[PDB]
Amino acid sequence: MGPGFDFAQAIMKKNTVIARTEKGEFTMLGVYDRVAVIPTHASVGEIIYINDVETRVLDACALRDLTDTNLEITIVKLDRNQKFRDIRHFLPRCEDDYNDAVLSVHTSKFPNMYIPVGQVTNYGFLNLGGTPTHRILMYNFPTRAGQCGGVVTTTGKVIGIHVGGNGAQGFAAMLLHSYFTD
């Protein structure tokens, strides 16, 4: 409808795939080459389905910060015959707060979904399903089941992926440029 949705659509149309594990279907953001991200609670194994194709997982790494605390991001390298558009230059370098964000989701259940979630707070510490977690972003939108892996954007920046909510508020793990230095 406007410039927020335009930037979000540009990311969804070229840099997402539908990932399916034993724990369900997730929006998965492709970042560069064959490297993508997914919430750690997706429990990625040796095999994953990508747009319903059986795919070997070449590597998977559940990130923690230097305090040894969960970040709820898993970086996955996919045995795929095709590279993602490199979007590392849209990633923020530091932890920050943001105005006017969009959460975008694409699964079987919720195709072509775009939610204007508004202002984003650097929340920091969250007990997320009983796991201490750092680098959490918070938005005052009642997000639901099926939205995990959703991409959080502003005009010009890809800032996080949706990892849960409490019924009133939604929560995303930060994406930083330093996670994807090759």
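Residues numbered from 1 in each chain as written, not as in the entry; some residues may be left out. Heavy atoms only, no water.

Re the packing of aromatic side chains
All chains considered together, the criterion is met by 3 aromatic pairs. Summarising the aromatic geometry, the rings of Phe 7 and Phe 90 are spaced 5.4 Å apart at their centres and angled 85 degrees between planes, so their arrangement reads as edge-to-face. In this pair, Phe 7 sits in helix α1 (residues 3-15) while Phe 90 sits in the loop between β6 (70-78) and β7 (98-105), placing the two residues 83 residues apart along the sequence. A relative accessible area of 14% means that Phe 7 is categorised as buried. The aromatic ring of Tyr 32 is capped on one face by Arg 88, whose charged end is 3.7 Å from the ring centroid. (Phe/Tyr/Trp six-rings, centres within 6.5 Å; stacked < 30°, edge-to-face > 60°. Helix = DSSP H or I, 4+ residues; strand = E, 2+ residues; numbered from the N terminus. Buried < 20%, exposed > 50% of the residue type's maximum accessible area, 1.4 Å probe, protein only. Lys NZ or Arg CZ within 6 Å of the ring centre and 35° of its normal.)

Remarks on the environment of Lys 109
Mapped onto the elements of the fold, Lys 109 is located in the loop between β7 and β8 (113-128). Considering only alpha carbons, one finds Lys 109 and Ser 43, 66 residues apart in sequence, at a separation of 20 Å. Ignoring sequence-local partners within four residues, the contact set of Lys 109 consists of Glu 25 and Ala 145. (Contact = heavy atoms within 4.5 Å.)

Comments concerning α1
Between its first and last C-alpha atoms α1 spans 18 Å; for 13 residues at 1.5 Å apiece the expected length is 18 Å, and the two agree. Taken as a whole, α1 has its buried residues at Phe 7, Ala 8, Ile 11, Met 12 and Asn 15. Along the axis of α1, the buried positions cluster into a sector of 130 degrees, meaning they face one direction only. Of the exposed residues in α1, the ones pointing more than 90 degrees away from its buried face are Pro 3, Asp 6, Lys 13 and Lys 14. Buried residues belonging to α1 abut β1 (16-21), β2 (24-32), β7, β8, β10 (151-154) and β11 (157-165). (Expected span 1.5 Å × (residues − 1). Arc of directions from axis to C-beta.)

Details of the domain arrangement of the protein chain
Considered domain by domain, the protein chain is made up of domain 1 (1-15 + 85-182) and domain 2 (16-84). Look at where the C-alpha atoms of domain 1 and domain 2 centre, and you get two points 16 Å apart. Every contact between the two is made by 35 residues of domain 1 and, on the other side, 27 residues of domain 2. The three residues of domain 1 that bury the most area against domain 2 are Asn 15, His 134 and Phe 180, which together make up 23% of that side's buried surface. Our enumeration of links across domain 1 and domain 2 arrives at 0 salt bridges. There are 9 residue pairs in polar contact connecting domain 1 and domain 2. When residues of the side of domain 1 that touches domain 2 are traced back to their parent elements, those giving at least two are α1, β7, β9 (131-139), β11 and β12 (170-174). Among the elements that make up the side of domain 1 that touches domain 2, the one with the highest residue count is β9 (5 residues). Looking at side-chain class alone, the side of domain 1 that touches domain 2 contains 17 nonpolar, 11 polar and 7 charged residues. (Domains from an automatic or database assignment. Buried area = accessible area lost by both parts, 1.4 Å probe. Salt bridge = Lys/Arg side-chain N within 4 Å of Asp/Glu carboxyl O. Polar contact = N/O pair within 3.5 Å; in protein donor to acceptor, adjacent residues only side chain to side chain. Nonpolar A, V, L, I, M, F, W, Y, C, P; charged D, E, K, R; others polar.)

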